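A.B. asks: structure30.cif is the file, holding mmCIF, C-alpha atoms and all ligand atoms:
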data_my_file
loop_
_atom_site.label_atom_id
_atom_site.label_comp_id
_atom_site.auth_asym_id
_atom_site.auth_seq_id
_atom_site.Cartn_x
_atom_site.Cartn_y
_atom_site.Cartn_z
CA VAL A 3 -33.35 -11.09 16.96
CA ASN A 4 -30.10 -10.97 14.78
CA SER A 5 -32.19 -9.40 11.93
CA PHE A 6 -29.49 -9.45 9.25
CA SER A 7 -30.76 -8.19 5.85
CA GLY A 8 -29.37 -8.06 2.31
CA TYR A 9 -26.71 -10.74 2.87
CA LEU A 10 -25.58 -13.22 0.16
CA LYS A 11 -25.28 -16.80 1.39
CA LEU A 12 -21.89 -18.27 0.34
CA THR A 13 -21.99 -21.55 2.28
CA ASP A 14 -24.24 -23.17 4.91
CA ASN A 15 -22.76 -20.95 7.55
CA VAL A 16 -21.05 -17.99 5.84
CA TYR A 17 -23.04 -14.90 4.59
CA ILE A 18 -21.54 -11.68 3.13
CA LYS A 19 -22.72 -8.07 2.55
CA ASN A 20 -21.17 -4.85 1.19
CA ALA A 21 -21.78 -2.75 4.34
CA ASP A 22 -20.09 -0.80 7.16
CA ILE A 23 -19.96 -3.16 10.23
CA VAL A 24 -20.74 -0.18 12.53
CA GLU A 25 -23.96 0.53 10.65
CA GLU A 26 -24.94 -3.17 10.62
CA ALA A 27 -24.31 -3.43 14.36
CA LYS A 28 -26.53 -0.40 15.07
CA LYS A 29 -29.47 -1.77 12.98
CA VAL A 30 -29.23 -5.48 13.88
CA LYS A 31 -27.86 -5.23 17.53
CA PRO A 32 -26.56 -8.78 17.08
CA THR A 33 -25.72 -11.11 19.98
CA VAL A 34 -21.97 -10.83 18.99
CA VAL A 35 -19.98 -8.29 17.02
CA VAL A 36 -16.40 -9.20 16.22
CA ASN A 37 -13.65 -6.58 16.51
CA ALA A 38 -10.49 -6.85 14.41
CA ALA A 39 -8.35 -6.05 17.48
CA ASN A 40 -4.55 -5.95 18.31
CA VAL A 41 -2.91 -7.84 21.28
CA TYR A 42 -3.10 -4.73 23.52
CA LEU A 43 -6.72 -3.84 22.70
CA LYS A 44 -5.86 -0.26 21.59
CA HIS A 45 -8.65 0.69 19.09
CA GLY A 46 -7.00 3.63 17.45
CA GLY A 47 -7.78 3.37 13.74
CA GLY A 48 -9.63 1.48 10.99
CA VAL A 49 -12.42 -0.97 11.98
CA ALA A 50 -11.45 -1.13 15.69
CA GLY A 51 -11.34 2.68 15.88
CA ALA A 52 -14.74 3.00 14.19
CA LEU A 53 -16.38 0.44 16.51
CA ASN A 54 -14.83 2.24 19.56
CA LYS A 55 -15.97 5.68 18.30
CA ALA A 56 -19.56 4.32 17.92
CA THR A 57 -19.52 3.37 21.66
CA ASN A 58 -18.21 6.98 22.47
CA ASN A 59 -14.95 5.46 23.81
CA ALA A 60 -16.77 3.08 26.26
CA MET A 61 -15.11 0.05 24.57
CA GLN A 62 -11.59 1.59 24.94
CA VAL A 63 -12.00 2.25 28.67
CA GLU A 64 -13.35 -1.32 29.18
CA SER A 65 -10.46 -2.83 27.08
CA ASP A 66 -7.94 -0.80 29.17
CA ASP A 67 -9.41 -2.30 32.40
CA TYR A 68 -9.20 -5.80 30.81
CA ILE A 69 -5.54 -5.40 29.79
CA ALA A 70 -4.44 -4.10 33.23
CA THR A 71 -6.09 -7.08 35.01
CA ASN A 72 -5.50 -9.96 32.48
CA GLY A 73 -2.55 -8.83 30.31
CA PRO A 74 -2.38 -8.71 26.47
CA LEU A 75 -3.93 -11.33 24.17
CA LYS A 76 -1.72 -13.60 22.00
CA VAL A 77 -1.82 -13.40 18.12
CA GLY A 78 -4.64 -15.76 17.12
CA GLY A 79 -6.41 -15.29 20.49
CA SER A 80 -9.51 -13.50 21.72
CA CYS A 81 -11.56 -12.18 24.62
CA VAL A 82 -15.28 -11.55 25.15
CA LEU A 83 -16.24 -8.10 26.50
CA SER A 84 -19.42 -5.97 26.48
CA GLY A 85 -20.98 -5.12 23.14
CA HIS A 86 -22.14 -1.79 24.65
CA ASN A 87 -24.83 -0.18 22.37
CA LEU A 88 -23.66 -2.19 19.31
CA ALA A 89 -24.23 -5.81 20.38
CA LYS A 90 -24.85 -7.99 23.51
CA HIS A 91 -21.09 -8.97 23.35
CA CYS A 92 -17.93 -7.89 21.53
CA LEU A 93 -15.56 -10.71 20.63
CA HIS A 94 -12.15 -9.04 20.24
CA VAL A 95 -10.04 -11.29 17.88
CA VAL A 96 -6.36 -10.76 17.00
CA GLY A 97 -5.49 -11.92 13.47
CA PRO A 98 -1.78 -11.84 12.34
CA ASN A 99 -0.45 -8.55 10.96
CA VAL A 100 1.65 -9.95 8.08
CA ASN A 101 2.93 -6.39 7.27
CA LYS A 102 4.76 -6.70 10.69
CA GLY A 103 6.06 -10.29 10.17
CA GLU A 104 3.41 -12.29 12.03
CA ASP A 105 2.61 -15.88 10.90
CA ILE A 106 -0.32 -16.26 8.42
CA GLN A 107 -0.83 -19.80 9.84
CA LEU A 108 -2.27 -17.88 12.92
CA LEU A 109 -5.20 -16.60 10.79
CA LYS A 110 -6.73 -20.12 11.18
CA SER A 111 -6.34 -19.83 15.01
CA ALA A 112 -7.99 -16.38 14.95
CA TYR A 113 -11.14 -17.55 13.01
CA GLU A 114 -11.36 -20.60 15.34
CA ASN A 115 -12.48 -18.19 18.12
CA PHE A 116 -15.70 -17.56 16.20
CA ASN A 117 -16.76 -21.19 16.88
CA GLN A 118 -17.56 -20.44 20.57
CA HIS A 119 -20.60 -18.29 19.47
CA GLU A 120 -23.66 -19.43 17.47
CA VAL A 121 -24.16 -16.22 15.48
CA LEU A 122 -21.67 -13.38 14.82
CA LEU A 123 -21.37 -10.18 12.82
CA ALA A 124 -17.71 -9.85 11.72
CA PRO A 125 -15.17 -8.10 9.52
CA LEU A 126 -12.63 -9.89 7.24
CA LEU A 127 -9.74 -10.72 9.64
CA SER A 128 -6.20 -9.58 8.80
CA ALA A 129 -7.39 -7.64 5.68
CA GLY A 130 -6.74 -3.80 5.21
CA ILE A 131 -3.66 -2.61 7.17
CA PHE A 132 -2.91 -6.16 8.46
CA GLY A 133 -1.67 -7.07 4.96
CA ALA A 134 -3.25 -10.50 4.42
CA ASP A 135 -4.78 -11.24 1.00
CA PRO A 136 -8.52 -10.63 1.59
CA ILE A 137 -9.64 -13.50 -0.69
CA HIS A 138 -7.32 -15.87 1.30
CA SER A 139 -8.87 -14.52 4.55
CA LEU A 140 -12.40 -15.39 3.25
CA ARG A 141 -11.17 -18.91 2.34
CA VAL A 142 -9.70 -19.43 5.82
CA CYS A 143 -13.10 -18.23 7.25
CA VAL A 144 -15.11 -20.60 5.09
CA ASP A 145 -12.94 -23.62 6.05
CA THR A 146 -12.60 -22.84 9.75
CA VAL A 147 -15.83 -21.30 10.95
CA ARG A 148 -18.62 -23.76 11.69
CA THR A 149 -21.09 -21.48 13.49
CA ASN A 150 -23.12 -18.79 11.59
CA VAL A 151 -21.06 -15.78 10.52
CA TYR A 152 -22.30 -12.65 8.77
CA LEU A 153 -19.34 -10.84 7.19
CA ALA A 154 -19.61 -7.10 6.50
CA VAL A 155 -17.09 -5.80 3.91
CA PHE A 156 -17.22 -1.99 3.55
CA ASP A 157 -15.96 -1.73 -0.09
CA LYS A 158 -18.12 -2.69 -3.09
CA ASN A 159 -14.98 -3.31 -5.23
CA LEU A 160 -13.55 -5.80 -2.72
CA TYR A 161 -17.01 -7.35 -2.07
CA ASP A 162 -17.41 -7.97 -5.83
CA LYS A 163 -13.88 -9.56 -6.08
CA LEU A 164 -14.65 -11.81 -3.08
CA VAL A 165 -18.02 -12.96 -4.43
CA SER A 166 -16.49 -13.52 -7.92
CA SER A 167 -13.59 -15.62 -6.57
CA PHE A 168 -15.94 -17.67 -4.42
CA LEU A 169 -18.42 -18.02 -7.39
CA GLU A 170 -21.45 -18.27 -5.10
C1 LIG A 201 -17.15 4.75 8.59
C2 LIG A 201 -17.00 3.92 9.83
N1 LIG A 201 -16.68 2.51 9.56
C3 LIG A 201 -15.51 2.13 9.04
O1 LIG A 201 -14.53 2.88 9.01
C4 LIG A 201 -15.42 0.76 8.49
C5 LIG A 201 -14.38 0.14 7.85
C6 LIG A 201 -14.79 -1.21 7.57
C7 LIG A 201 -14.24 -2.36 6.94
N2 LIG A 201 -13.05 -2.32 6.28
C8 LIG A 201 -12.30 -3.49 5.83
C9 LIG A 201 -11.29 -4.00 6.86
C10 LIG A 201 -11.28 -5.31 7.30
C11 LIG A 201 -10.37 -5.74 8.26
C12 LIG A 201 -9.43 -4.88 8.82
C13 LIG A 201 -9.46 -3.54 8.38
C14 LIG A 201 -10.36 -3.12 7.41
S1 LIG A 201 -8.37 -2.35 9.06
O2 LIG A 201 -9.15 -1.28 9.61
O3 LIG A 201 -7.37 -2.04 8.10
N3 LIG A 201 -7.67 -3.15 10.30
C15 LIG A 201 -7.23 -4.52 9.97
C16 LIG A 201 -8.42 -5.43 9.81
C17 LIG A 201 -11.65 -3.21 4.46
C18 LIG A 201 -10.78 -4.38 3.99
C19 LIG A 201 -12.70 -2.85 3.40
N4 LIG A 201 -14.97 -3.50 6.89
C20 LIG A 201 -16.19 -3.48 7.44
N5 LIG A 201 -16.84 -2.46 8.02
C21 LIG A 201 -16.10 -1.34 8.06
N6 LIG A 201 -16.48 -0.14 8.61
#
Kindly transcribe the structure held in the file into structure tokens.

C.D. replies:
Amino acid sequence: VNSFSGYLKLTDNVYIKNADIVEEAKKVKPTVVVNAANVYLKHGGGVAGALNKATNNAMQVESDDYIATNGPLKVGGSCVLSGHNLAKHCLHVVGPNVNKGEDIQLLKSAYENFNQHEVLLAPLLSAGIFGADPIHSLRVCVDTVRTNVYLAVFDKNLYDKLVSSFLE
């Protein structure tokens, strides 16, 4: 199904909408919803916290089982877990947290994980508390992702700046 609506096509494979990813996931129930995760899969605040709260903590208990059995992810890495009631799968992806000294070169490695799935609903990696420049994150996405990605950005002001900079 992947019934995405109201998106603006930026490139052949990148679409963008001013929307809350949790709300989009509920309506669309996409095959894959991306989580802006940390290496230990602790979904305490922001986007990760909101996705986890929408599953009524079922994603946190699953992530905890994953970590105990497989160990933490590396910055730029990912893992595929259940999407619970939000999606068929959740692709947890760790972008660099530049506010904590992590390499911005790893933002390319993080978006590369998207290429293992045909269609994904995702947030802007490394934006918000992670400290990366959001327009730079969208540029890395556009150059790196080759599969079909629907980006939800929950801030009209930021959405407008992104669309203006892209001029598309
Ligand atoms: C009301 C429930 N939903 C939310 O809180 C929510 C928030 C939200 C959202 N926020 C964006 C965003 C993008 C990436 C990151 C963050 C925040 S963070 O939480 O600071 N962690 C680092 C990675 C900002 C830039 C506008 N984007 C898309 N959908 C959303 N939904």

A.B. asks: 9 Å from ligand LIG 201 (chain A) is the threshold here; counting only C-alpha atoms and all ligand atoms, which polymer residues fall inside it? Answer as an MDAnalysis selection string.

C.D. replies: chainID A and resid 20:26 37:40 47:53 55:56 97 99 124:133 136 153:161

A.B. asks: Restricting the calculation to all atoms listed in the file, which member of A:110, A:86, A:28, A:94 is positioned closest to residue 74 in chain A?

C.D. replies: A:94

A.B. asks: Nearest residue to residue 84 in chain A out of A:59, A:167, A:139, A:65, using all atoms listed in the file?

C.D. replies: A:65

A.B. asks: Mind giving me the straight-line distance from CA of residue 29 in chain A to CA of residue 87 in chain A in Å, one decimal?

C.D. replies: 10.6 Å

A.B. asks: With all atoms listed in the file as the atoms that count, which of A:57, A:95, A:16, A:166 lies nearest to residue 147 in chain A?

C.D. replies: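 Of A:57, A:95, A:16, A:166, the one nearest residue 147 in chain A, counting all atoms listed in the file, is A:16.
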